[PDB]
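Let me begin by presenting the structure, written as structure tokens, before commenting on it.
Starting from 1, each residue takes its place in the sequence as its number. In listed order, ligands and their atoms are each counted from 1.
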Amino acid sequence: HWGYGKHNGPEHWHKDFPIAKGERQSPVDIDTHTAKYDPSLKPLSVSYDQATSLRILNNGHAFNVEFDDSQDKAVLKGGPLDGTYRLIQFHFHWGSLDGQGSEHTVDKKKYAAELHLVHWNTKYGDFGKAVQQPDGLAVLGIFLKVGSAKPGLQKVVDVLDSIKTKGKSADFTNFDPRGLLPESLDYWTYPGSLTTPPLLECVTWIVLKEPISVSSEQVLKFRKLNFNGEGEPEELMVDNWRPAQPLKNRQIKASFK
Ligand SMILES: Cc1cc(C(C)C)[n+](CCc2cnc[nH]2)c(C(C)C)c1
Ligand SMILES: [Zn+2]
């Protein structure tokens, strides 16, 4: 089964998931001088005021904060998107060291972590159907750097003790994902894929230009999670990121000059 270790990590995924070598794989390096400003891009519409968080789950690859996606409660619209995309979960990727951890890079720079707010296109009815469509998902990617603490992240940090190992979940209601957004919604956008098997090529990526800052203490608590289940040998959940993949026949567009 796949993971991020020496023998099951990203360089092995193509043997079970041949689309790993496909035409629109993610993440990618964002070359800021090669991205083209696109004035036809609309401003993003992030409508999270009615968000209903439910649960936080350690799934052995990351932790997911899950939302009620059975109604239009927390939705992403606008930008490059047509239609309405519902937030289903968010999760992070992070490093063993502050100098690595993000999946996307910016002029080859790696951030300490990266947040993925995952949304699916309501015209496909459910998430499982959406991932089979080229415009099925819209993921808001947000970089994390280490600096000052992020107050809106602390409620996540404080529950991680209760989901240390694979398969553990905890109630996680009344969490407001607006507290994880930077000030600016300037973004790059390109067509890509899930960054984790099955690597389906169903994602419109919207990657925010402005990182959020988290404290060293906050990211240290991410690194205390476990990939393993309870009663298995402890392997710290760190470096759960896929490296940049070839851009191939894609253009990254920028919402800003
Ligand atoms: C970020 C994320 C990624 C995936 C990828 C691993 C296939 N998956 C599994 C996607 C999937 C594949 N076939 C049906 N659903 C999910 C969850 C929400 C179900 C979340
Ligand atoms: Zn992700």
Under 4.0 Å to a heavy atom of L194 - the qualifying atoms of ligand 1, by number: 5 (C), 7 (C)
CA sep, side-chain torsions, deciding dist, call: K221, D161, salt bridge (charged side-chain N to carboxylate O under 4.0 Å, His left out): CA-CA 9 Å; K221 295 194 179 173; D161 281 330; over 6 Å; no
Atom CG of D82: over 12 foreign heavy atoms under 6.0 Å: no
Protein heavy atom at shortest distance from atom 3 (C) of ligand 1: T196 CG2, 3.9 Å
Protein residue, atom and distance nearest to atom 13 (N) of ligand 1, heavy-atom basis: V131 CG2, 4.1 Å
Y85 and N121 side chains, donor-acceptor separation under 3.5 Å: yes
Derivation and outcome, salt bridge (charged side-chain N to carboxylate O under 4.0 Å, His left out), residues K164 and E234: CA-CA 10 Å; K164 178 177 182 173; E234 180 168 21; 3.4 Å; yes
Identity of the nearest option to atom 1 (C) of ligand 1, non-hydrogen atoms only, from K129, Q89, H116: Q89
Residue and atom name of the nearest protein heavy atom (relative to atom 12 (C) of ligand 1), distance in Å to one decimal: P198 CG, 4.0 Å
Pair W188 + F143: ring centers closer than 6.0 Å: no
The Zn ion (ligand 2) - closest N/O/S atom in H116: ND1
Ring center gap for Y37 and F256 short of 6.0 angstrom: no
Aromatic plane relationship, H116 with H104 - under 30° parallel, 30 to 60° tilted, over 60° perpendicular: perpendicular
Atom 9 (C) of ligand 1 [closest protein heavy-atom partner, distance rounded to 0.1 Å]: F127 CE2, 4.3 Å
Which of the ligand 1 atoms, numbered from 1, are nearer than 4.0 Å to a heavy atom of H91: 1 (C)
Numbered atoms of ligand 1 (with element) below 4.0 Å of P197, judged on heavy atoms: 5 (C), 6 (C), 7 (C)
